[PDB]
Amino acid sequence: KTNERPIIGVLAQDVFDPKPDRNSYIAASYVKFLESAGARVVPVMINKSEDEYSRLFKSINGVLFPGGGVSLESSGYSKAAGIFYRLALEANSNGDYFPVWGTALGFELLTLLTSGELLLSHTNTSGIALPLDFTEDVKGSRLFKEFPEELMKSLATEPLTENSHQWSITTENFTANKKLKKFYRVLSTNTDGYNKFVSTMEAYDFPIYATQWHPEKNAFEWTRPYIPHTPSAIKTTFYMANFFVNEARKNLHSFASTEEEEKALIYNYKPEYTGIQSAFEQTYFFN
């Protein structure tokens, strides 16, 4: 059995200077990223109850931790993600399949969630488009199984992936951490010319997937001139989202009633246009 009505949570995060009706936000590119692959999206509010989180967890079919610039240790975002990560290992360990996706900051949070340590170094990866330096492990990987042959080749040779992070984990520090090296399979790496770092990974034993780069930006964000926008960059955003949503089709959670479902969906929120001045064309702010 499969769930052909998947619903995916996208984690909201603390606004730097918070005001009423502007306490947390989601960049609209993460929603469009999932919608395009055939999912609906519920926004996961930041400072809720353990009980609200577990009730929502039980209703939705997978979750995404987006990029950004909030604290990995003290934020509403980091607490919420911790709750979701725990419920996800519990559900999956029990035999209930629940995928989790980490992008950029979410990637970095996953390395801390699993290692319990914060092992990020500085890298020159602030504004740039890069290929993927795939590891030997890609060939049997989950994430890339259904990617067209030709797209894998473009990925390996063309600047298709958006990087806007000042922190990475080096491959050195990755291997040397026993829990990390046991828990995650590295699928690609990259280098800023002095540091080689992990760019894509997937857990060995769990449907947890993470990218240091921003697959959602290629199709949806137009706000910086280096953003990859070639035809094969667009296919990349699709194929990546396609894989994750197909993972969320293995999850058979539903909402308790259609009315609870309708009220949770992102459709209840209207974004602002923020792309004149900020990194995001549109962003949903929340109270």
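Just count from 1 along the sequence shown to find any residue number.
Problem set entry | Residue range whose averaged C-alpha B-factor is higher in the record, 136 to 144 or 161 to 169 | Result: 136 to 144.
Exercise. Between 17 to 25 and 267 to 275, which has the higher average C-alpha B-factor in the PDB entry?
Worked result: Between 267 to 275 and 17 to 25, it is 17 to 25 that shows the higher mean C-alpha B-factor.
Problem set entry | Most elevated Cα B-factor in the entry, residues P207, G95, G106, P215 | Of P207, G95, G106, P215, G95 has the highest C-alpha B-factor.
Problem set entry | Peak C-alpha temperature factor (PDB record), options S199, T125, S121, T111 | Max CA B-factor in the entry, restricted to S199, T125, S121, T111: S121.
For this session: Report the third (lowest, middle or highest) to which the CA temperature factor of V70 belongs, ranking only the modelled residues of the same chain.
Result: Highest third.
Problem set entry | Ranked against its chain, the third holding the CA B-factor of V44 | Middle third - that is where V44 ends up once the chain's C-alpha B-factors are sorted.
Exercise. By its CA B factor, does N251 count among the lowest, middle or highest third of the modelled residues in the chain?
Worked result: Its C-alpha B-factor belongs to the middle third of this chain's values.
Exercise. Would the CA B-factor of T191 place it in the lowest, middle or highest third of its chain?
Worked result: It belongs to the highest third of the chain when residues are ordered by C-alpha B-factor.
Exercise. Which third, lowest, middle or highest, does the CA B-factor of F244 fall in along this chain?
Worked result: Its C-alpha B-factor, which the entry lists for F244, ranks in the lowest third among residues of this chain.
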